[PDB]
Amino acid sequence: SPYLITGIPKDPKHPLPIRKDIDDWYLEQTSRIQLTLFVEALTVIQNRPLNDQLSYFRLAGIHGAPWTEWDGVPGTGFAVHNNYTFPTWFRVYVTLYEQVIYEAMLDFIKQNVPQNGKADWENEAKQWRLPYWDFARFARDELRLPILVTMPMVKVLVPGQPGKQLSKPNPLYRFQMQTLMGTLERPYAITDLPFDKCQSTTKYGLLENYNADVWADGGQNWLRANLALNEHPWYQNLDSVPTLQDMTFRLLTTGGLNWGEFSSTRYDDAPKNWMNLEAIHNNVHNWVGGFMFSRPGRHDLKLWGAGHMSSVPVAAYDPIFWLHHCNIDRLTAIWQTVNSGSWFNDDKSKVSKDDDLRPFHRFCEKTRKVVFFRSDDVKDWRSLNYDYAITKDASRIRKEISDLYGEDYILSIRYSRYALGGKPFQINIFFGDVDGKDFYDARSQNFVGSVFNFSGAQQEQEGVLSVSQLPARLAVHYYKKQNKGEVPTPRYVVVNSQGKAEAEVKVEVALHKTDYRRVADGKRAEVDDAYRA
């Protein structure tokens, strides 16, 4: 310490290497030196001890729990949420992860590759960059978690044993410790959802009413995550379009937003410009991990279940976290490319531009001193010696955006992250009557879409709230069709981690129509008595 974050060092045989789509990269590798390097290096990092600040646990620990120091910066986590430095704090955080993995790759080569092959393996390490998960791209008819994340094991090369491939536990599948995270040595223990009783990260694996020993490793219910990722209005199960892809398309193609509007859910005391990067990212966290531990009533089919990615304090432990944030960085770079003058340039985000991005250090070549990273340091992501295919070929970026992700009606949503004292919740919006026992997801009658509060005696910063936006065109057309042309009143339910409706929460929900005009104000829907909080 300090650990200087630089990105992977420049090598002239490797001009601005790209971060590839992880599904494309996995298929290239198997259709495997880089795959071996990534698997082996990430395994080594996951097995480093807690007192090593470049262990996987400690790197994930920068984000949230267990809220310790990192790199000599005293330990809420370090992560930036609901502020305009969300994209840039995470830009540096993803680069730290990438850089540590690359360093571990070089160590792996020194340890395991014979002298005669070191140049070949080093070539591959120097070309590798952290792949991104394209959560909004149809997987090589539907959106999906990465192929590699759904694989318990992965086959790798053994250097010096040509045609000596071997199957190993996949470090992208889960992060597993040797004991329950609640029992780790001080001060690293993780001690709402029983994350203290988990040894491994899980997706939808934590459900009430099963033995607590099941929670030690609740499994990776990637089929369930995929279903959530493809959320869309209920009626489309009677032509569907996944809302996540439409939201991403709109984020990338809508012109005229300032940085403050694009960068964050933060609303400091319009609606057309409330589709923002952070809100989409919050929904993806919910969809990957699950946040509901139980459901009232009797149900044969159990669609709930909770996991690490839905929860701010522990989401960073799931290896997909980094791949998600890699794409969030990619989306930022794309938006920057097509909105090149909009950088901390509005009267709301300007104040935050010079925030130190603690705990991340760099060397100042002007002061000749170690300082914290600041947003302007990473405005050009290529300064960190990586790029994306889509931003290298800028000339045709609009066409590529259309090929990947392509009156109007929109829903606006304004809410307090601390409406429940800081606990997470999901805002579900419906057109028409709400089923008092089924108000949760796309299988719930009349469901149109959700907004997840990715948060987790406590109140928000004075004057600050949070915003999101949902597409509503197709769902309003269906509703009119079934309802004699009535413009629907949006109905909402605020759902907590017990699958109950929090009657006392008020959210501002409105429907707007195209220049957008407000055409209906939303109202809370009642649910059954056994389903009320």
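When you see a residue number, it is the position in the sequence shown, counting from 1.
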**residue 32 preceded by how many uncoordinated deposited residues after residue 31** = 4 to 9
**Prompt:** Is there a break between residue 456 and residue 457, and how many deposited residues does it span: none, 1 to 3, 4 to 9, or 10 or more?
**Reply:** 10 or more
**Mean C-alpha B-factor comparison - 62 to 70 and 35 to 43, higher one** = 62 to 70
**Asked** On average, which has the higher Cα B-factor in the deposited entry, 412 to 420 or 366 to 374?
**Response** 366 to 374
**Item:** 86, 343, 304, 386, ranked by C-alpha B-factor: the highest one
**Value:** 343
**Prompt:** With respect to the C-alpha temperature factors reported in the PDB entry, which of 361, 164, 155, 266 ranks highest?
**Reply:** 164
**Request:** Would you mind checking where the Cα B-factor of residue 27 ranks among the modelled residues of its chain, as the lowest, middle or highest third?
**Result:** middle
**Request:** Pull the Cα B-factor of residue 492 out of the PDB entry and bin it into the chain's lowest, middle or highest third.
**Result:** middle
**Message:** Quick check on the deposited entry: does the C-alpha B-factor of residue 5 sit in the lowest, middle or highest third of its chain?
**Reply:** middle
**Request:** Place residue 260 in the lowest, middle or highest third of its chain's C-alpha B-factors, as listed in the PDB entry.
**Result:** middle
**Fill in**
residue 187: CA B-factor among chain residues, third -> highest
